[PDB]
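[1] this one is an experimental structure. Sequence first:
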Amino acid sequence: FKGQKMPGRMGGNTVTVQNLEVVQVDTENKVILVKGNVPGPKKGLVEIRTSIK
Amino acid sequence: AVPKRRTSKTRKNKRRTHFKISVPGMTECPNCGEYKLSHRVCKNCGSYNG
Amino acid sequence: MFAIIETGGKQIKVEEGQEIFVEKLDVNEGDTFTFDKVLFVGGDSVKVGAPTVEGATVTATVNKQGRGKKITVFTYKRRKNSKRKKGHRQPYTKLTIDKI
Amino acid sequence: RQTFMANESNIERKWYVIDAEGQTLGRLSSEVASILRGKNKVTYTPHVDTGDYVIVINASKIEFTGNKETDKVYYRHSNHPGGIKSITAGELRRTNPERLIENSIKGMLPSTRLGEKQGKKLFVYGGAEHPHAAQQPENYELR
Amino acid sequence: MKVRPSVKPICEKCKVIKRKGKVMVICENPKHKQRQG
RNA sequence: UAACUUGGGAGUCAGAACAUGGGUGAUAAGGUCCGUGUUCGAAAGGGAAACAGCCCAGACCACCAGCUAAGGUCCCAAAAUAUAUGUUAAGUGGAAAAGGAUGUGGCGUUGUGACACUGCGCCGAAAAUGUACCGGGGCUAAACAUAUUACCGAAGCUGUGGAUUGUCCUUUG
RNA sequence: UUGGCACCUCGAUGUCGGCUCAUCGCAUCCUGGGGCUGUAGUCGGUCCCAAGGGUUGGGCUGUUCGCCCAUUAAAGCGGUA
RNA sequence: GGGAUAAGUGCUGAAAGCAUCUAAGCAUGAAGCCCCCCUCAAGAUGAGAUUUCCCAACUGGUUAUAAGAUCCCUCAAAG
């Protein structure tokens, strides 16, 4: 049947996390501190936006 | 397992569609005068000069 | 100015100067032959048709008299050892329609 | 012997436009499929599409009969285990009438390679405005 | 609410009706209502 | 227009389904055993969607001719969105009982109420990969009941030509 | 399920129970919505709609079923050789 | 959080001078349906769209070239 779970290439998906908070918006160093740990490696592009909920 | 049915000599050639080998990716040596392979030492006469 | 001639248990739409192919007629090569079974005549000329128009007829030159391509008639019953092959060259006669 | 066969240079094709307001779905779909295959014309030959181009308009206005709005469930399977989907004709008439009429008509044309050519001569719009002004479409009434 | 393939009036104030193509039995005594005739 | 006799030569001794009369079984079985019939066996063609045995019908061969058979005429898909009169609203048609019930039409008997027979419908009606009990679209007529026409429709029959066997001599044709 | 028949397979269609992975039906175990109760409330009983998700870990037994232990909202019933 | 709904509850109302949730019509009502949330997706051959870039010389057509992309090499956050 389609959807049968089999070995294949893993990871690399466009995953989204939700309801994180912003501990601090450091201006003049231009960084944001978010509560948690976000998808992607180091130097991985991340687009931040406000929660849909 | 074993093949249930012998392969036609059409399906064979289709599967060997991609059994090519590309050319090496060579150039001409400005010193030796002849063909070398790029980013390699010149076969014929000597130098690399890169 | 065409017509519809009944020749061999089949109708045929025939104009002048046309070569036609019919089942075997008794005449020999290069002969005249009058068709009487004409059920419908006229194109741009007139449009008259009865069971048989009975006033019009056709006249053709018997161009040739021969036999078609040999079709082989093969057929078999599978798993029951029965098969049968024949041949057949259906004879025809070709005609030139001289006048209507 | 003599039996005229339609060619690529023999054929003509015309544009019609039929109001799908107030018509029963199938009573109209049969007429339309007849037009599409092309046997309103005397140069009908099977191995070519001598039929015409048709533009059905007002597809948000066809009428069913009896309790067919709430009944007449259309099903479709997604080829994943257990995944079958359903929609009733009343919900397909307001959500997508241009798929209602298309599915009705395309189920009446053959499933062949030439039946899909003819299947994609149908142009269905839910509304009174069709962008094919540049085609000289003709009126057509249900015979 | 009784749901059984034979609805018939029990006491002489229970009346048979139809609703939605089902044969129902309305009745003041609330035990006596029935459907699926 | 077959039948018997006397001769030479065999094959067969696993039968199947369908209708029907029975036994057995459980008024189970595509069960099993017998009487009678048909078809398959050994039979292609058309209809039953597909489907040896069901209904129609027995292929010498060619034809781009005509008429019908079961079965059908809205589209897939050839031919009636035929005709006259009614019934059914359930998609019944297009799977099933006991029993229930101001569904509805006909007809008759009865003191606006009550009854016997009836036509068509409702409930009773729950299964596993996917709608999934019309072949599909779709249908309120493209479903039913009775009667008129038309037509489609097969390798059936007819027309034409041909090929082999025969029997009659019109005229050895 | 226990059977009946003997229609496919004996020039081969590999057994029961566990493990991995599941997927489907609904004749619903829990959770959702209701009717009636000989429903005071809590808690229930019996029907009705509902298949979205969930449905424990051990002892004994080859064991399935089955009994026991300790919980849980619950410890569903079946099909898929 | 919505829109439509099942069982259910109705509101108005004749068929049937009344009664009636139903036939017309109008409401409400589930973890279920369609949305909303997450992802993939224009080979969606019905092949969508927005922005930006490139565009000349000869013989019915062709050519190399342009924008662009690679062969080849140093690699990893990818494999």
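    Received, thanks. Residues are numbered from 1 along each chain as shown, chains lettered A, B, ... in the order given.
[2] quick one: neighbours of the residue of chain A at minimum distance from RNA strand G, just the number.
    Per Cβ to the nearest atom of the strand, residue A:5 is where chain A lies closest to RNA strand G, at 5.7 Å. For the C-beta atoms, the positions are set from N, CA and C on the backbone; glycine is no exception. Using other Cβ atoms under 10 Å in any protein chain shown, residue A:5 has 5 neighbouring residues.
[3] same question, residue B:12
    A count of neighbours around residue B:12, defined by other Cβ under 10 Å, yields 9.
[4] helix or strand right after the helix or strand encompassing it?
    Taking DSSP states H and E as the definition, residue B:12 sits inside helix B:11-15. Using DSSP H and E, the helix or strand that follows helix B:11-15 in sequence is strand B:26-28.
[5] quickly check: that next one near RNA strand H or not.
    No. Under the criterion of Cβ under 7 Å from any atom of the strand, strand B:26-28 makes no contact with RNA strand H; the nearest approach is 7.8 Å.
[6] partner strands of that strand and their direction?
    According to DSSP bridges, strand B:26-28 forms sheet pairs with strand B:35-37 (antiparallel).
[7] whether the strand it pairs with contacts RNA strand H - can you check?
    No. Figure legend: strand B:35-37 not in contact with RNA strand H (Cβ under 7 Å from any atom of the strand); closest approach 7.7 Å.
[8] same check, this time on stretch D:96-108
    Yes. Against RNA strand H, stretch D:96-108 shows contacts by Cβ under 7 Å from any atom of the strand at residue D:102.
[9] just the buried residues of that stretch, please?
    D:96-102, D:104-106, D:108 (16 or more other Cβ atoms under 10 Å in any protein chain shown).
[10] for it, list the C-alpha coordinates in CSV.
    These are the backbone C-alpha positions of stretch D:96-108, laid out as CSV (Å, rounded to 0.1, in the frame of the first residue of the first chain):
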residue,chain,number,x,y,z
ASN,D,96,-17.6,23.6,-8.4
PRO,D,97,-20.4,23.3,-11.0
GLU,D,98,-17.8,23.4,-13.8
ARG,D,99,-16.7,20.0,-12.5
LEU,D,100,-20.2,18.7,-12.1
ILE,D,101,-21.0,19.2,-15.8
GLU,D,102,-17.6,18.2,-17.0
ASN,D,103,-17.7,14.9,-15.2
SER,D,104,-21.2,14.2,-16.4
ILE,D,105,-20.2,14.8,-20.0
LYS,D,106,-16.8,13.0,-19.9
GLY,D,107,-18.5,9.9,-18.6
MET,D,108,-20.4,9.7,-21.9
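[11] so what touches it?
    D:20, D:25-26, D:28-30, D:32-33, D:36, D:56, D:59-62, D:74, D:89, D:92-93, D:119, D:122, D:124-126 (Cβ atoms under 8 Å, 6 or more residues apart in numbering or on different chains).
[12] what parts of chain E come near RNA strand G?
    Residues of chain E lying near RNA strand G by Cβ under 7 Å from any atom of the strand: E:1-3, E:30-31, E:33.
[13] the same query, at a cut-off of 10 Å, please.
    Contacts of chain E with RNA strand G, taken as Cβ under 10 Å from any atom of the strand, map to E:1-4, E:29-36.
[14] surely residue C:19 touches residue C:98?
    No. At 11.3 Å, residue C:19 does not count as touching residue C:98 under the criterion of Cβ atoms under 8 Å.
[15] how about residue C:21, phi and psi?
    phi -130, psi 130 (degrees, to the nearest 10).
[16] quick check: the farthest pair among the residues of chain E next to RNA strand G?
    E:29 and E:36 (19.1 Å; Cβ to Cβ).
[17] the contacts of stretch D:96-108: which ones sit near RNA strand G?
    Among the contacts of stretch D:96-108, no residue sits close to RNA strand G (Cβ under 10 Å from any atom of the strand).
[18] among those, which are located in strands?
    Residues from the contacts of stretch D:96-108 lying in strands, with DSSP state E as the criterion: D:56, D:74, D:122, D:124.
[19] stretch A:20-37 near RNA strand H at all?
    No. Figure legend: stretch A:20-37 not in contact with RNA strand H (Cβ under 10 Å from any atom of the strand); closest approach 13.2 Å.
[20] got the end-to-end distance for that stretch?
    9 Å (Cα to Cα, to the nearest Å).
[21] next one: stretch B:8-22
    27 Å.
[22] show residues contacting it.
    Nothing outside stretch B:8-22 qualifies as a contact, by Cβ under 8 Å, 6+ apart.
[23] distance of residue C:40 from residue E:6?
    75 Å (Cβ to Cβ, to the nearest Å).
[24] oh, I was asking about residue C:72
    75 Å.
[25] centre of chain A to the edge, which residue is at the far end?
    Distance from the C-alpha centroid of chain A, by Cα atoms, centre = their mean, peaks at residue A:1 (31.8 Å).
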